[PDB]
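Residue numbers (mature numbering (1 follows the signal peptide of the UniProt record, and there is no 0)): 1 to 207. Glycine is no exception: its CB is placed at the ideal position from the N, C-alpha and C atoms. Read the structure below first, then the notes.
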């Protein structure tokens with residue numbers, strides 16, 4: 001499947017794509033404002049994620065640091081990124097269907113639209129000003145708005161036992177972005193698409 005990743009933000013982002021134990025395509029790339037990066041994701045990939053990283057420095061070997069979404073200090077991510085990260089999540093070709101969502105379970109850094117470019121399903125978006133409205137206790141100094149599990153490390157926020165409810169903090173994310181997951185047991189906002197669809201991920205879609 002093809003994913004076209006577009007940075008419509010006025011600032012540079014470093015896109016990342018991983019399935020947790022491996023990079024997807026090249027795994028990461030700088031995207032200046034307006035730039036597009038097209039990647040190919042192998043059919044049947046389960047648990048893939050795409051995210052943006054902000055305020056990065058990398059040397060000529062591809063090693064450095066980002067203030068949001070850092071994946072072990074590499075430009076080309078093989079692992080997932082450090083919160084806060086708005087997440088585009090997908091599993092492809094699962095008994096003939098693709099499944100996509102946006103998640104704020106690991107916080108929010110950059111607004112996002114995640115839409116199919118082929119027919120048969122709808123897209124999802126989280127584009128509100130979550131960082132500007134972020135509760136003081138969740139604000140991340142490097143930028144972004146952390147989830148409550150990352151900050152407080154309780155069984156209720158992290159849903160450790162598989163039983164948890166919504167919280168004041170999850171409701172904050174859900175109010176601003178109803179179509180993204182706000183906690184582990186949120187009513188699913190997953191979209192079902194035809195198997196082998198193609199997609200666009202747009203950072204700052206309203207910019």
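Could you tell me which of the options sits nearest to residue i, measuring between CA atoms?
i, options, result
"residue 196", "93, 79, 65", "93"
"residue 183", "193, 191, 162, 200", "162"
"residue 85", "17, 191, 189, 206", "17"
"residue 26", "41, 13, 35", "41"
"residue 106", "188, 164, 58, 170", "170"
"residue 175", "129, 164, 146, 190", "129"
"residue 201", "21, 35, 132", "35"
"residue 125", "1, 149, 189", "189"
Return the Cβ separation of residue i and residue j in integer angstroms, given the expectation that the two are a contact with Cβ distance under 8 Å.
i, j, result
"residue 53", "residue 204", "In fact, because the Cβ distance is near 14 Å, the residues do not count as touching under 8 Å."
"residue 87", "residue 51", "6 Å"
"residue 79", "residue 62", "Not a contact, Cβ separation roughly 14 Å."
"residue 145", "residue 114", "About 19 Å; that fails the 8 Å criterion."
Measuring CB to CB, does residue i end up less than 8 Å from residue j?
i, j, result
"residue 104", "residue 152", "no"
"residue 121", "residue 45", "no"
"residue 179", "residue 102", "yes"
"residue 4", "residue 49", "no"
"residue 98", "residue 166", "no"
With residue i as the anchor, note down where its alpha helix (DSSP H) starts and where it stops.
i, result
"residue 182", "Premise fails: residue 182 is in no alpha helix (DSSP H) and is neither H nor E."
"residue 156", "155-158"
Hey, quick one: how far does the beta strand (DSSP E) through residue i stretch, first residue to last?
i, result
"residue 57", "48-58"
"residue 151", "Here residue 151 belongs to no beta strand (DSSP E); instead the alpha helix (DSSP H) covers 148-152."
"residue 174", "First-last for residue 174: 168-176, but that is the alpha helix (DSSP H), not the beta strand (DSSP E)."
"residue 144", "Residue 144 -> no beta strand (DSSP E), and no H or E assigned at all."
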